[PDB]
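Before any comments, here is the structure.
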Ligand SMILES: *[C@@H]1O[C@H](CO)[C@@H](O)[C@H](O)[C@H]1NC(C)=O
Ligand SMILES: *[C@@H]1O[C@H](CO)[C@@H](O)[C@H](O)[C@H]1NC(C)=O
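Protein chains in written order, with PDB author numbering: chain E, 99 to 146; chain F, 213 to 264.
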């Protein structure tokens with residue numbers, strides 16, 4: 099008549115908060131460029 | 213239920229009989245070595261010291 103029931107599951111460890119890694123889906127590489135342009139001792143810093 | 217009293221029951225064999233020194237006054241951290249009380253209720257929490 100005795101019976102025993104056991105159960106098991108899992109969760110992220112407490113230290114996970116800083117040891118976690120992430121999977122990323124990337125696409126559509128886009129470029130941003132910073133330029134310095136000088137014309138007739140007229141300097142300009144631009145980014146585009 | 214017997215308080216400060218020795219008591220008897222019909223079935224003379226004292227083996228199958230079961231007794232508790234139960235107090236049900238303190239909360240404890242879940243551990244495999246300890247049977248689960250029928251309440252199986254989450255009553256409180258605690259933090260873990262010395263975080264990262
Ligand atoms: C740039 O050069 C011109 C002459 O070529 C001069 O008149 C002007 O003062 C100069 N500007 C600076 C900021 O040096
Ligand atoms: C056992 O508990 C009951 C209910 O609280 C109480 O009336 C009785 O006096 C207690 N007996 C003890 C502590 O010996």
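Backbone N, C-alpha and C define an ideal beta-carbon position, used for all residues, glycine too.
* **Reduced DSSP secondary structure (H/G/I, E/B, other) of residue 115(E)** => helix
* Are residue 126(E) and residue 134(E) touching if we call contact CB-CB under 8 Å? -> no
* To do: With 8 Å as the threshold, decide whether the Cβ of residue 246(F) is near any Cβ in chain E.
  => no
* **Residue range of the unbroken beta strand (DSSP E) whose run includes residue 132(E)** => 132-136
* DSSP puts residue 127(E) in a beta bridge; with which residues? -> In the DSSP output, where bridge partners are listed per residue, residue 127(E) has none listed.
* Pairwise C-alpha distance: residue 107(E) and residue 117(E) -> 21 Å
* How about residue 250(F): is its Cβ closer than 7 Å to a heavy atom in ligand 2? -> no
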